[PDB]
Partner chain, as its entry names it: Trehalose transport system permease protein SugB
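Given as structure tokens, the chain that follows is alone and in the form solved without the partner chain.
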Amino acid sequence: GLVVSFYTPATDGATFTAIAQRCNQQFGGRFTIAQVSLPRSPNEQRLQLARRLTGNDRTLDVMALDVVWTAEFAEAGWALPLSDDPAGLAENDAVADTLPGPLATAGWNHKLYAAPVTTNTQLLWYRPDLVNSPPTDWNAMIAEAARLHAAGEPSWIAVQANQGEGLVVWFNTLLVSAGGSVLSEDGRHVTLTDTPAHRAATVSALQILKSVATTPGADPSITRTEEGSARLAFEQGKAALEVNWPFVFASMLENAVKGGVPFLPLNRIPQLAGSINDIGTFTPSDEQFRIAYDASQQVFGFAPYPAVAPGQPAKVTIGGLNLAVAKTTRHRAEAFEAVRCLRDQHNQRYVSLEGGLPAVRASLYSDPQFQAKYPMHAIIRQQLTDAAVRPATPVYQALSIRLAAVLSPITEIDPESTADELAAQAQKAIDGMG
């Protein structure tokens, strides 16, 4: 039969490949889903997809889009509205049993242009052996890092924030948690410094970035043009504190069974031998998962994202992937059917438990079988319930590029002047000038 192309980020290739294979057994010769990988950064995923769309690549069918691209891909007509499904089933499937935050990321001008498949929110990860209590706010984070430095322990605070979208996500979380916002609701005005309260929020966020940057024992990966991994920095024992997406859970066990984690020698447990499947994925039995998790809990713990204002949780920036159908497709019906199968219950369980990507199906967070294998479900769902959002605007690419260029390196942030520079660059971005 025909082939529905399914473009996903390369680091999520295998996972989605597996999901496609499952769905391929359910169509039975009618058509086949073929996964194709896109580069690692959201900007490059966007660039590849945009080149194929403006180039009228008629072989491009289904796209796994970062939540930040919806607006653009809706305004350009690149992502077909879900109401363009010839079967008329896409919208109802997308809203059914799906968390409202992801759905909000999938909409534009009161219409859905994608069906959420994965969502994302950052947690705090710590070494319970070296850190007696997980810090609840960012000043506590700085104090704990300084204490670990004074104790000769790893004092890095591992944040996946080099000079790109990760840094913008960190800033957005800090800013919204402080009561601020990059843009107005309609995305037409810059709200970083337009009122005293807004400017105060921006200044507090920049101050937190600067103080984390210059904390005793700070990571030297920020003062360089690096592609460093906070996940691997934690897994190598260089950091006892990390804020990152939940996939680092699935990584930690997996890499520990492969022998790649020094302080967690899961590879030396005979009962875990063979728990790595033939394509390199940690697929434990129930008892093997119990063994691995109970061993990991003495050196690996999770906690809510640190608050900005002590006394209430943070507003954590939402991320994830929404499934959209490209306007270039020759088979709208099969593309939307594939979208529906790719996000069904079984594949959501798989994408969360094996792929490390938070599911969007609300039912799963109320499923005890799922909860027993995904111990972070409660914190994830609560952080998704009151999540921060990045601005939804068709010029988000230029906006994020300009904001990242100003923010980095965070060692050079001067809160007041940097706030003014951020507002000016954001204005340039939204003026059709970025």
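Residue numbers count along the first chain shown, from 1. Each form is matched to the other, and the largest set of C-alpha atoms that superpose within 1.5 Å is called the rigid core.
- Item | RMS CA shift, core-fitted in 7 other deposited structures of this protein, bigger for 268 to 276 or for 175 to 183 | After the core superposition, the stretch with higher RMS deviation in 7 other deposited structures of this protein is 268 to 276.
- Query: Rigid core superposed, root mean square over structures and residues, which stretch has C-alphas farther from this form in 7 other deposited structures of this protein, 343 to 351 or 316 to 324?
  - Reply: More C-alpha displacement in 7 other deposited structures of this protein shows up in 343 to 351.
- On average, which has the higher Cα B-factor in the deposited entry, 148 to 156 or 307 to 315? Looking at the recorded C-alpha B-factors, 148 to 156 comes out higher on average.
- Item | Mean temperature factor over C-alpha atoms, higher-scoring stretch between 60 to 68 and 28 to 36 | Taking the mean C-alpha B-factor of 60 to 68 and of 28 to 36, the larger value falls to 28 to 36.
- Options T105, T121, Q163, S177 - largest CA temperature factor per the record: Among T105, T121, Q163, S177, the PDB entry lists the largest C-alpha B-factor for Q163.
- Message: Just to confirm, going by the entry's C-alpha B-factors, which of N172, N244, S285, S363 comes out highest?
- Response: Answer, based on the entry's C-alpha B-factors: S285.
- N322 by Cα B-factor - lowest, middle or highest third of the modelled chain: Bottom third by C-alpha B-factor.
- Task: Compare the C-alpha B factor of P391 with those of the other modelled residues in its chain, then answer lowest, middle or highest third.
- Result: Within its chain, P391 is a lowest-third residue by C-alpha B-factor, going by the deposited values.
- Determine, from the deposited record, the chain-internal third of the Cα B-factor for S181: lowest, middle or highest. Lowest third - that is where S181 ends up once the chain's C-alpha B-factors are sorted.
- Query: So where's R46 on the chain's Cα temperature factor ranking, which third?
  - Reply: Ranked within chain, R46 CA B lands in the highest tercile.
- Taking the chain's C-alpha temperature factors as the reference, tell me which third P116 falls into: lowest, middle or highest. Ranked within chain, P116 CA B lands in the lowest tercile.
This protein has a second form, the form deposited with the partner chain bound, left out of what is shown; the following refers to that one.
- Query: Considering the partner chain in the deposited bound form, which of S366, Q26, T54, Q382 comes within 4.5 Å of it through any heavy atom?
  - Reply: Looking at the other structure, the residue within range turns out to be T54.
- Here the chain is shown alone; which of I142, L232, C341, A104 has a heavy atom within 4.5 Å of the partner chain in the deposited bound form? Filtering the options by heavy-atom distance leaves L232.
- Message: Only one of 385 to 393, 369 to 377, 26 to 34, 54 to 62 has heavy atoms within 4.5 Å of the partner chain in the deposited bound form; I'd like to know which.
- Response: It is the stretch 54 to 62.
- Query: Looking in the deposited bound form, any heavy atom of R268 within 4.5 Å of the partner chain?
  - Reply: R268: no contact with the partner chain in the deposited bound form.
- Although the partner chain is absent from this view, report whether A423 comes within 4.5 Å of it in the deposited bound form, heavy atoms only. Contact check for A423: no, nothing within 4.5 Å of the partner chain in the deposited bound form.
- With a 4.5 Å heavy atom cut-off, would you call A14 a contact of the partner chain in the deposited bound form? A14: contacts the partner chain in the deposited bound form.
- Message: Taking any heavy atom pair closer than or equal to 4.5 Å as contact, tell me whether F302 reaches the partner chain in the deposited bound form.
- Response: No, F302 sits far enough from the partner chain in the deposited bound form that none of its heavy atoms falls within 4.5 Å.
- Task: Sequence order please: the residues of 242 to 262 with a heavy atom within 4.5 Å of the partner chain in the deposited bound form.
- Result: If the 4.5 Å heavy-atom criterion is applied to the partner chain in the deposited bound form, 242 to 262 yields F247, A250, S251, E254, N255, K258.
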